[PDB]
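Novice: Submitted below is the structure of interest, expressed as structure tokens.
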Amino acid sequence: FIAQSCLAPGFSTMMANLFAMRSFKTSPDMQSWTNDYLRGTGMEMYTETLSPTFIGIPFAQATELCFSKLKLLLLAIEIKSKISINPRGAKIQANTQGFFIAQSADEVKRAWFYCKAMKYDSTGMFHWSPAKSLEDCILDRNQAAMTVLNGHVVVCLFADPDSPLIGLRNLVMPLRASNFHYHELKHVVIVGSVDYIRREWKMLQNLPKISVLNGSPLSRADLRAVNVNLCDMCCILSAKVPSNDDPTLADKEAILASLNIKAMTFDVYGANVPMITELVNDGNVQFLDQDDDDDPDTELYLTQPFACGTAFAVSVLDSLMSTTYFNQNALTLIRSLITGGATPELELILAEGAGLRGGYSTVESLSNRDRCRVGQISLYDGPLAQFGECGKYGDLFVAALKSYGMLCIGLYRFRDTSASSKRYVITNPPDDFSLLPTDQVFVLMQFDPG
Amino acid sequence: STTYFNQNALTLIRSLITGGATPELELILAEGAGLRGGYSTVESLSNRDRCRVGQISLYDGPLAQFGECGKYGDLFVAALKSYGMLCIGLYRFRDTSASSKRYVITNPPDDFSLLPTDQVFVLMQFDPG
Amino acid sequence: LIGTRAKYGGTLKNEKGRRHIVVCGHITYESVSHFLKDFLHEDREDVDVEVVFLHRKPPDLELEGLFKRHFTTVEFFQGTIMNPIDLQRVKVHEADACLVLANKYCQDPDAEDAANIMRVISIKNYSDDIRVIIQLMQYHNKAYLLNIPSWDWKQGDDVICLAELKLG
Ligand SMILES: [Ca+2]
Ligand SMILES: [Ca+2]
Ligand SMILES: [Mg+2]
């Protein structure tokens, strides 16, 4: 989820809220941005067999009809054995299982009753490298300052040499998927102790564009060396064991790092730097933000930092146990959407113990590069800017689907419409929802060769 | 307790014992690169002119006339006018007769009697050259 | 199971034109008695300033008697500075300043400094425009407090570094 947030900020919040079963009551009058956010939190994954009326039509026309008529968002279908996310030019076959996003399972049933009356690895899903050594990836303060790092990803790691391993692959490899061209790949720099990263370097040898800087991300000198003001996303991860002395002192390391970056000034200030923070305790989210009211008894997803895609914790993942049991395909859609398409026997390759092994690209293998990816767009400029002024969300959804095939999932707009550059996540707004010129849309982008 | 009643009280303490710690020195040190040098200019060299904590003796010197029987007030007045030194206290032997142990007297009265073996806490100015 | 009623609790009663300060951190018999003697001295000019103590563990019988002798000028409350609910009870936003005492005789100076630093963050999170005075054990921890966006020395925020002053 953290890796997906690098490509599109706030995506982790949309992911977490889409598997927690929440019942939403519309409210008469309260805070405006909270009301829009709470309506999105009532959305979750659902599966239903497609009506026979949909047989013989392409997916693009099928999901457009569901949104306009049934007010349902169809984003994935199963073709038989495998799940395709927003397929391009794929017919809707008989007895097809479809994935829908709706408030409740009752609304989903309308879809059933509708009627007229060496470059890549062996699997070819991720980029590959000829096992670059760790010593060649180590950079100094002057080495990192002289090189250009624009649009990169900074991984602030807090880990003792004896700390338990957290698997630094799981954040880098989704950023190294075959969906992205080699020129658009985001550079990854890790700030932390080399002793800990040395144990993690076994599975990072074959991942291109990886940099390691020794030191502590708390120090301002290291942060200025890697140009944190120009990075697309700064990730704060802690691997140290909890001392269990006090629940409020468990995340003292990440809170200090987050506050330190927010106060630094560059010759652009640090308060505008997009950051995501890992929390081992839910109650420490109150210290991540300053201009908000804090309550110990409030739920995590109700907090402002979580609603803005800034805070994240493993406590929101407990809902996956119930979701997996009711439908195995639900978990498969989760992994394919966040891990960059991790094929089954690829884990069998990984379980062997030899690490990531590459393969020669063929015409059959290169076909796997064509799949949808998670992306974010802006309505300020481009050929989709006409809907930013006063166009409805439904109009944007149809226009984007017909022109480029992008499937709009949600919106990412400022908390205050006027001061502060804080954006909250709205999941699947109604077709009559009003847009703003400063809005960002979560979309599923097709793979464009070339 | 002293800091709360007056913030300037703590500022005087830090400047008196640390040799002068300007606020932006803390910001430079907080960066993590350690002490950073700089090229001396005409304005930069002006910061060298400030008072320092020192100790003098009345045994042999131009101020030795007050050691025999001169009062503390006379020594304070004479030192300030001629040299700019500001007497703060005395560092006198415990026994006048023997051990070489000296105790601290802070701001003795102007009628205090001095001794030839007395040391005075003074704040001397910066003398170029 | 029934036990006894909560001896210390509730909210500090508001008074018109009343100045009060909040003291937290190491609240023991040594610190409180020594602090009160220096804070309330005949040599210093008398000012009507209320002293409010906030601590987690209930005070022992010796500290309770000390609070009784200072009933009209010293009050104690049970709670942690990390809880926003407890911050409202002592009315930190209306307090003139917040004082964070430190345990000088601690086994781990890093652990003591980290806990005290987190206290300032909690106080600043509740409201940024609060004067905070903290005792600091080691100098290298001063950088963390300075990097806090809400920390402003011009507004009265001060750090008393024990190591820096002792060696100075
Ligand atoms: Ca729901
Ligand atoms: Ca907050
Ligand atoms: Mg949801």
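To be explicit about the labels: the chains of the structure tokens are called A, B, and onward in the order shown, and within each one the residues are counted from 1, while ligands get numbers from 1 in the order they are shown.
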Taking 2 positions as the minimum chain separation for residues in the same chain, which residues sit within 12 Å of residue 34 (chain A) when counting only C-alpha atoms? Answer as a list in words.
Specialist: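 Everything that qualifies: residues 26, 27, 29, 30, 31, 32, 36, 37, 38, 39, 40, 41, 301, 302, 303, 304, 307, 308, 414, 415, 416, 423, 424, 425 and 426 of chain A.
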Novice: Just N, CA, C and O atoms for this one: save the residues we selected as a compact mmCIF listing (two decimals), in the first residue's frame.
Specialist:
# COMPACT_ATOMS: atom_id res chain seq x y z
N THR A 26 -26.54 8.95 6.02
CA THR A 26 -26.41 10.33 5.57
C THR A 26 -26.80 11.28 6.70
O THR A 26 -27.73 11.02 7.47
N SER A 27 -26.06 12.38 6.81
CA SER A 27 -26.29 13.29 7.92
C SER A 27 -26.96 14.58 7.44
O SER A 27 -26.71 15.03 6.32
N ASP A 29 -26.72 17.91 8.66
CA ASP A 29 -25.81 19.05 8.57
C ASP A 29 -24.62 18.81 9.48
O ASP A 29 -24.78 18.64 10.69
N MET A 30 -23.43 18.81 8.89
CA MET A 30 -22.17 18.72 9.63
C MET A 30 -21.07 19.27 8.73
O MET A 30 -21.35 19.94 7.72
N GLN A 31 -19.82 19.02 9.09
CA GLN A 31 -18.70 19.49 8.29
C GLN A 31 -18.78 18.93 6.87
O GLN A 31 -19.03 17.74 6.68
N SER A 32 -18.58 19.80 5.88
CA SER A 32 -18.85 19.43 4.50
C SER A 32 -17.87 18.38 3.99
O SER A 32 -18.28 17.38 3.39
N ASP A 36 -18.55 14.23 2.72
CA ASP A 36 -18.13 13.60 1.48
C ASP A 36 -17.18 12.44 1.74
O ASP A 36 -17.26 11.40 1.08
N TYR A 37 -16.27 12.60 2.70
CA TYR A 37 -15.33 11.53 3.03
C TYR A 37 -16.04 10.33 3.64
O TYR A 37 -15.72 9.18 3.31
N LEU A 38 -17.01 10.57 4.53
CA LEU A 38 -17.70 9.47 5.19
C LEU A 38 -18.54 8.66 4.21
O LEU A 38 -18.70 7.45 4.38
N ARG A 39 -19.11 9.31 3.19
CA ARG A 39 -19.86 8.58 2.18
C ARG A 39 -18.97 7.61 1.42
O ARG A 39 -19.39 6.49 1.10
N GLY A 40 -17.73 8.01 1.12
CA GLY A 40 -16.79 7.11 0.48
C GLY A 40 -16.40 5.93 1.35
O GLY A 40 -16.17 4.83 0.84
N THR A 41 -16.33 6.14 2.67
CA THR A 41 -15.96 5.06 3.58
C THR A 41 -17.02 3.96 3.64
O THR A 41 -16.72 2.85 4.09
N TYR A 301 -9.85 5.39 11.10
CA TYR A 301 -10.23 5.90 9.79
C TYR A 301 -11.01 7.21 9.87
O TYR A 301 -11.20 7.86 8.84
N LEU A 302 -11.46 7.60 11.06
CA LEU A 302 -12.12 8.88 11.26
C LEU A 302 -11.14 10.02 11.48
O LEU A 302 -11.56 11.19 11.47
N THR A 303 -9.86 9.73 11.68
CA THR A 303 -8.87 10.76 11.96
C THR A 303 -8.50 11.50 10.68
O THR A 303 -8.54 10.95 9.57
N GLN A 304 -8.14 12.77 10.85
CA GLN A 304 -7.73 13.59 9.71
C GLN A 304 -6.48 13.07 9.00
O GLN A 304 -6.49 12.99 7.76
N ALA A 307 -7.46 10.18 6.81
CA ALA A 307 -8.32 10.60 5.71
C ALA A 307 -7.55 11.33 4.62
O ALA A 307 -8.01 11.38 3.48
N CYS A 308 -6.39 11.89 4.95
CA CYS A 308 -5.57 12.60 3.98
C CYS A 308 -4.52 11.71 3.32
O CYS A 308 -3.72 12.21 2.52
N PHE A 414 -8.58 19.37 -2.10
CA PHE A 414 -8.14 20.04 -0.89
C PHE A 414 -9.22 19.98 0.19
O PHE A 414 -10.42 20.01 -0.09
N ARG A 415 -8.77 19.91 1.45
CA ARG A 415 -9.70 19.88 2.57
C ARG A 415 -10.50 21.17 2.67
O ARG A 415 -11.70 21.15 2.93
N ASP A 416 -9.84 22.31 2.45
CA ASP A 416 -10.48 23.62 2.52
C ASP A 416 -10.47 24.26 1.14
O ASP A 416 -9.44 24.27 0.46
N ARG A 423 -5.15 17.23 1.23
CA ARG A 423 -6.16 16.63 0.37
C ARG A 423 -6.70 15.35 1.01
O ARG A 423 -5.92 14.51 1.46
N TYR A 424 -8.02 15.22 1.03
CA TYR A 424 -8.69 14.04 1.54
C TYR A 424 -9.22 13.20 0.38
O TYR A 424 -9.33 13.67 -0.75
N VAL A 425 -9.56 11.95 0.69
CA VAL A 425 -9.92 10.96 -0.32
C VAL A 425 -11.43 10.79 -0.33
O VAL A 425 -12.05 10.54 0.72
N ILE A 426 -12.03 10.91 -1.51
CA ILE A 426 -13.44 10.61 -1.73
C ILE A 426 -13.50 9.42 -2.68
O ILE A 426 -12.99 9.48 -3.80
Novice: Taking only C-alpha atoms and all ligand atoms and a cut-off of 12 Å, can you tell me which residues surround ligand 1, written as an NGL selection string?
Specialist: :A and (17-25 or 38-46 or 101-108 or 427)
Novice: I need the residues in region 119-286 of chain A that are strand (DSSP E or B) according to DSSP; give them as a ChimeraX atom specification.
Specialist: /A:120-121,126-127,138-139,153-158,177,188-191,210-213,233-238,265,269,275-279
Novice: Enumerate as a PyMOL selection string the residues belonging to chain C that approach chain A to within 12 Å, with only C-alpha atoms taken into account.
Specialist: chain C and resi 80-88+111-129+140-141+143-152
Novice: Counting only C-alpha atoms, what are the residues of chain B within 9 Å of chain A, and for each of them which pair of atoms is the nearest and at what distance in Å, to one decimal? Sort the table by chain and rising number, as a Markdown table.
Specialist:
| residue | atom | partner | partner_atom | distance |
| --- | --- | --- | --- | --- |
| B:30 | CA | A:220 | CA | 7.9 |
| B:31 | CA | A:220 | CA | 5.1 |
| B:32 | CA | A:219 | CA | 5.7 |
| B:33 | CA | A:221 | CA | 6.6 |
Novice: Keeping only C-alpha atoms, write the selected residues to a file as an mmCIF file, in the first residue's frame.
Specialist:
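This went into selection_34.cif:
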data_model
loop_
_atom_site.group_PDB
_atom_site.id
_atom_site.type_symbol
_atom_site.label_atom_id
_atom_site.label_comp_id
_atom_site.auth_asym_id
_atom_site.auth_seq_id
_atom_site.Cartn_x
_atom_site.Cartn_y
_atom_site.Cartn_z
ATOM 1 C CA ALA B 30 21.407 21.213 14.781
ATOM 2 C CA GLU B 31 21.937 20.504 11.065
ATOM 3 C CA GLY B 32 24.283 17.617 11.898
ATOM 4 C CA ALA B 33 27.427 18.691 10.016
#
Novice: For chain B, which residues have at least one atom within 10 Å of chain C, if we go by only C-alpha atoms? Write them as JSON, numbers by chain, please.
Specialist: {"B": [1, 2, 3, 4, 5, 6, 7, 8, 10, 11, 13, 14, 16, 17, 18, 19, 23, 26, 27, 28, 29, 30, 31, 32]}
Novice: Just C-alpha atoms for this one: save the residues we selected as a PDB file, in the first residue's frame.
Specialist:
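What landed in out_11.pdb:
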ATOM      1  CA  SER B   1      12.129  28.835  38.427  1.00  0.00           C
ATOM      2  CA  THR B   2      14.510  31.632  37.407  1.00  0.00           C
ATOM      3  CA  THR B   3      13.872  31.079  33.689  1.00  0.00           C
ATOM      4  CA  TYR B   4      10.080  31.277  34.034  1.00  0.00           C
ATOM      5  CA  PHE B   5      10.098  34.596  35.901  1.00  0.00           C
ATOM      6  CA  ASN B   6      12.451  36.156  33.330  1.00  0.00           C
ATOM      7  CA  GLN B   7      13.616  34.665  30.036  1.00  0.00           C
ATOM      8  CA  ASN B   8      16.487  37.167  29.804  1.00  0.00           C
ATOM      9  CA  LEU B  10      18.746  32.420  31.266  1.00  0.00           C
ATOM     10  CA  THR B  11      20.161  34.249  28.234  1.00  0.00           C
ATOM     11  CA  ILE B  13      23.733  32.717  32.025  1.00  0.00           C
ATOM     12  CA  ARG B  14      24.357  31.028  28.672  1.00  0.00           C
ATOM     13  CA  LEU B  16      28.441  34.225  30.431  1.00  0.00           C
ATOM     14  CA  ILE B  17      29.519  30.564  30.628  1.00  0.00           C
ATOM     15  CA  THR B  18      29.528  29.355  26.993  1.00  0.00           C
ATOM     16  CA  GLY B  19      31.683  32.208  25.686  1.00  0.00           C
ATOM     17  CA  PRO B  23      20.956  31.677  18.274  1.00  0.00           C
ATOM     18  CA  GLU B  26      22.406  26.414  17.491  1.00  0.00           C
ATOM     19  CA  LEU B  27      20.611  26.091  14.143  1.00  0.00           C
ATOM     20  CA  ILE B  28      23.914  25.420  12.361  1.00  0.00           C
ATOM     21  CA  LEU B  29      24.872  22.806  14.960  1.00  0.00           C
ATOM     22  CA  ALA B  30      21.407  21.213  14.781  1.00  0.00           C
ATOM     23  CA  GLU B  31      21.937  20.504  11.065  1.00  0.00           C
ATOM     24  CA  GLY B  32      24.283  17.617  11.898  1.00  0.00           C
TER      25      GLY B  32
END
Novice: For the structure I just gave you, how does DSSP split region 51-108 of chain B - specifically, which residues are alpha helix (DSSP H)? Reply as number ranges by chain.
Specialist: B: 65-68, 72-83
Novice: To one decimal place in Å, what is the distance between CA of residue 153 (chain A) and CA of residue 405 (chain A)?
Specialist: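 Pair CA of residue 153 (chain A) / CA of residue 405 (chain A) returns 28.0 Å.
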Novice: Separation of CA of residue 114 (chain A) and CA of residue 68 (chain A), in Å?
Specialist: 12.6 Å
Novice: Separation of CA of residue 63 (chain A) and CA of residue 11 (chain A), in Å?
Specialist: 21.6 Å
Novice: Could you name the residues that touch residue 59 (chain C) at 10 Å or less, counting only C-alpha atoms, but leaving out those on the same chain fewer than 3 positions away, as a tab-separated table (two decimals) with N, CA, C and O atoms, in the first residue's frame?
Specialist:
chain	number	residue	atom	x	y	z
C	8	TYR	N	-7.66	12.30	43.65
C	8	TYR	CA	-7.30	13.42	42.80
C	8	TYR	C	-7.91	13.24	41.42
C	8	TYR	O	-7.75	12.18	40.79
C	27	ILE	N	7.73	14.17	39.12
C	27	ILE	CA	6.99	14.72	40.25
C	27	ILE	C	7.22	13.79	41.43
C	27	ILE	O	6.49	12.81	41.62
C	28	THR	N	8.23	14.09	42.23
C	28	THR	CA	8.56	13.33	43.43
C	28	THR	C	8.72	14.30	44.60
C	28	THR	O	8.57	15.52	44.45
C	29	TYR	N	9.04	13.76	45.77
C	29	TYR	CA	9.13	14.59	46.97
C	29	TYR	C	10.35	15.50	46.91
C	29	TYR	O	10.31	16.64	47.38
C	55	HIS	N	0.66	14.36	37.33
C	55	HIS	CA	1.48	13.16	37.37
C	55	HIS	C	0.58	11.94	37.24
C	55	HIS	O	-0.62	11.99	37.52
C	56	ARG	N	1.18	10.82	36.83
C	56	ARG	CA	0.43	9.59	36.63
C	56	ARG	C	0.21	8.86	37.96
C	56	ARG	O	-0.93	8.62	38.37
C	62	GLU	N	3.80	11.46	52.14
C	62	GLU	CA	4.67	12.62	52.34
C	62	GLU	C	4.35	13.77	51.39
C	62	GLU	O	4.31	14.93	51.81
C	63	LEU	N	4.10	13.46	50.11
C	63	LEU	CA	3.78	14.50	49.13
C	63	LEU	C	2.40	15.08	49.39
C	63	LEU	O	2.16	16.27	49.15
C	64	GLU	N	1.46	14.25	49.85
C	64	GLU	CA	0.12	14.74	50.15
C	64	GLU	C	0.14	15.77	51.27
C	64	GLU	O	-0.58	16.78	51.22
C	65	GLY	N	0.96	15.54	52.30
C	65	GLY	CA	1.10	16.51	53.36
C	65	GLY	C	1.73	17.81	52.89
C	65	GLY	O	1.36	18.89	53.35
C	67	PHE	N	1.39	19.07	49.87
C	67	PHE	CA	0.34	19.79	49.16
C	67	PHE	C	-0.67	20.41	50.13
C	67	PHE	O	-1.22	21.47	49.84
C	76	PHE	N	-2.68	19.53	42.86
C	76	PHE	CA	-2.17	18.36	42.17
C	76	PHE	C	-3.31	17.65	41.46
C	76	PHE	O	-4.43	17.59	41.96
C	77	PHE	N	-3.00	17.11	40.28
C	77	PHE	CA	-3.97	16.36	39.49
C	77	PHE	C	-3.33	15.07	39.02
C	77	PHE	O	-2.12	15.00	38.79
C	78	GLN	N	-4.15	14.03	38.88
C	78	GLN	CA	-3.70	12.72	38.45
C	78	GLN	C	-3.99	12.55	36.96
C	78	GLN	O	-5.14	12.67	36.53
Novice: With only C-alpha atoms and all ligand atoms as the basis for distance, which of A:388, A:305, A:359, A:383 is at the shortest distance from ligand 2?
Specialist: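 Of A:388, A:305, A:359, A:383, the one nearest ligand 2, counting only C-alpha atoms and all ligand atoms, is A:305.
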